[PDB]
Chemist: 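What follows is a single structure, and I will ask about it in a moment.
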Amino acid sequence: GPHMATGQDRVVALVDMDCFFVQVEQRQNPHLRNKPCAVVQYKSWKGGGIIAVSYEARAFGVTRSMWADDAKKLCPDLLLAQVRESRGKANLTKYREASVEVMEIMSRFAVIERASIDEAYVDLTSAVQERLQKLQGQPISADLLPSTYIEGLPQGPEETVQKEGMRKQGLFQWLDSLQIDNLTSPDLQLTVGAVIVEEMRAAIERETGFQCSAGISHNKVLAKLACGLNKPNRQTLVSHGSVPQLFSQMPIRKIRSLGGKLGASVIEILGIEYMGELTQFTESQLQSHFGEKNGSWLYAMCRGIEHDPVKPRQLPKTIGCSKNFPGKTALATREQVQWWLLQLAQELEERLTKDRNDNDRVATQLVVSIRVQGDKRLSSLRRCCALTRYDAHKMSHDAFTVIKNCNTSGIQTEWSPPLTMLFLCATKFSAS
DNA sequence: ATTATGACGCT
DNA sequence: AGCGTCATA
């Protein structure tokens, strides 16, 4: 009734750089632009592994986690860019620097939460308010929303044949209905957020050349969900009112954080398939199956409601260095293990120093992770030690000190079982 | 031999 | 503290 919270208190956006790694390589090498292309790392094993794919290439069925040799069978003209290799490993510096280009432009408009290298959440609530005062009850022209889609529209009543045609029909339906008289109507607020998102995205492309997609809604999960509805280079407005129809045929695994084991349990235990079917279960029922927190979250989420805040954080919380040693390449000697801990430590030191100079902070804890031959777990062991100095040899030495007793070998010089993964992460930052 | 990252929850 | 889940660069 009148006391039922509807979760329309915020305007939040999710922005995702389209095939980011690919765009970065294409900006630098015009020959790759507007072509089927992919970024790959390494080359020897089956042409190297693919980690990003242009949309031209996706139409051919090329995906990430695919071997380049195999992608070439689906798409013979596919162009490839290799990740830079340093110290015998993949180095992602070019893309991290590129990401900062984007994050710093986004920050001019609103407060952002860096989710990963290529996507961030935006809290547009206060921004929308300010804009709504300048508008002075003035209607919003469709011309201000040239790449916006309104989910669920158009509906009801011959140009409806092409994609752009449909987009505009929906947009006009949405705008014709808007009641601009009310400055507290959630739909008006979402709409103004979309205007701002258009502007943010224009600013990003003009100043970097990078294109992106975006979702606009009242919370992070709906925003994220919306972002993926119309790609590439488009944005989607998912209103609170669109939720029931949209969720009625939305597989549970499409909602963020339900794409794994918990989503599978939800589907198996409850005997449902779509997000909307969740509304038939009381909060208590949900809690009894999935715990108090997930239960409460699910109850609200299937109703389009979520309260997780956009955290004011533009910098990553950790800085890590990682390398897998698969199959026959696994590390089985001591000199081998130390040499790689040293290569990793040397990258880490280089990245931490620049981070201390750029961002006025120092990491204080070193996490060391390894994997042993046979364990299906990403990580077999995790030990942390103190990180007092940015010195590669010290960090590499301390890392060894905390793992050296994992060696089963009776011989000092050999290492068993062979290690299939080394990982050094700097964490626990402090002001400096 | 589905990388090399990143964020977060549980106990 | 050390382990596990979820997500795509």
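Side chains included, hydrogens not; waters and symmetry mates left out as well; all remaining heavy atoms used. Order of the sequence lines sets the chain letters (A, B, ...), proteins ahead of strands, with each chain counted from 1.
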Chemist: Across the strands shown, which category fits A/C321 at heavy-atom distances under 4.0 angstrom: base, sugar-phosphate, nothing?
Modeler: sugar-phosphate
Chemist: Is there a side-chain contact between A/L92 and A/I117 (heavy atoms, below 4.5 Å)?
Modeler: no
Chemist: Scan nucleotides 2-9 of chain C nucleotide by nucleotide, 5' to 3', and note B when protein non-hydrogen atoms come under 4.0 Å of the base, S if they reach only the sugar-phosphate, - if neither.
Modeler: SBBSSSBB
Chemist: To the nearest angstrom, how far is A/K293 atom NZ from B/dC8 atom P?
Modeler: 12 Å
Chemist: With rounding to the closest Å, how many angstrom separate the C1' atoms on B/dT2 and C/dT8?
Modeler: 11 Å
Chemist: Under a 4.5 Å cut-off applied to non-hydrogen side-chain atoms, are A/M103 and A/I112 in contact?
Modeler: yes
Chemist: Counting side-chain heavy atoms from C-beta on, which of B/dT5, B/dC10, B/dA4 comes nearest to A/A90?
Modeler: B/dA4
Chemist: Please compare A/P316 and A/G327 by the position of their nearest nucleotide in DNA chain B and report the one closer to 5'.
Modeler: A/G327
Chemist: Within the 4.5 Å heavy-atom criterion, are A/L262 and A/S257 side-chain neighbours or not?
Modeler: no
Chemist: At under 4.0 Å, does any side-chain N or O of A/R313 touch on OP1 or OP2 of B/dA7?
Modeler: yes
Chemist: Under 4.0 Å from OP1 or OP2 of B/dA1: is there any side-chain N or O of A/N324 that close?
Modeler: no
Chemist: Give the ring-plane orientation class for A/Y95 versus A/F21, where under 30° counts as parallel, over 60° as perpendicular and anything between as tilted.
Modeler: parallel
Chemist: B/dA1, OP1 or OP2 - any side-chain N/O from A/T329 closer than 4.0 Å?
Modeler: no
Chemist: What is the distance, rounded to the nearest whole Å, between atom CG of A/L14 and atom P of B/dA7?
Modeler: 15 Å
Chemist: On DNA chain B, check which nucleotide each of A/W45 and A/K317 is closest to and give me the residue with the more 5' one.
Modeler: A/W45
Chemist: What residue among A/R201, A/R234, A/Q211 forms side-chain hydrogen bond (donor to acceptor under 3.5 Å, both in side chains) with A/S147?
Modeler: A/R201
Chemist: Ignoring hydrogens and geometry, is there a side-chain-to-backbone donor-acceptor pair from A/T63 to A/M66 under 3.5 Å?
Modeler: no
Chemist: Which part of the nucleic acid, if any, lies within contact of A/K328, taking any heavy atom under 4.0 Å across all strands shown: a base, the sugar-phosphate backbone alone, or nothing?
Modeler: nothing
Chemist: From NZ of A/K428 over to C1' of B/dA7, roughly how many Å is that when rounded to an integer?
Modeler: 14 Å
Chemist: In whole Å, I'd like the distance from the CD atom of A/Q82 to the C1' atom of B/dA4.
Modeler: 16 Å
Chemist: Starting from P on B/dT5, measure out to CG on A/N91 and report it in whole angstrom.
Modeler: 8 Å
Chemist: Does any N or O in the side chain of A/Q235 come within less than 3.5 Å of the main-chain N or O of A/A194, such that one atom is a donor and the other an acceptor?
Modeler: yes
Chemist: Could you tell me how far apart A/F290 (CZ) and B/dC10 (P) are, to the nearest whole angstrom?
Modeler: 15 Å
Chemist: Donor-acceptor pair, A/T353 side chain versus A/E350 backbone, under 3.5 Å?
Modeler: no
Chemist: Whole Å only: how far is the CD atom of A/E113 from the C1' atom of B/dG6?
Modeler: 12 Å
Chemist: When the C1' atoms of C/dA7 and B/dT3 are compared, how many Å lie between them, rounded to an integer?
Modeler: 14 Å
Chemist: Nearest to the side chain of A/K89, heavy atoms from C-beta on, is which of B/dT5, B/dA1, B/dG6?
Modeler: B/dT5
Chemist: Take the protein atom CE of A/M66 and the nucleotide atom P of B/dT3, then report the distance between them rounded to whole Å.
Modeler: 15 Å
Chemist: If we call it a pair only when both distances are under 3.5 Å in a Watson-Crick or G-U wobble match, what pairs with B/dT5?
Modeler: C/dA7
Chemist: Check every strand shown and say whether A/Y95 touches a base, only sugar-phosphate, or nothing at a heavy-atom separation below 4.0 Å.
Modeler: nothing
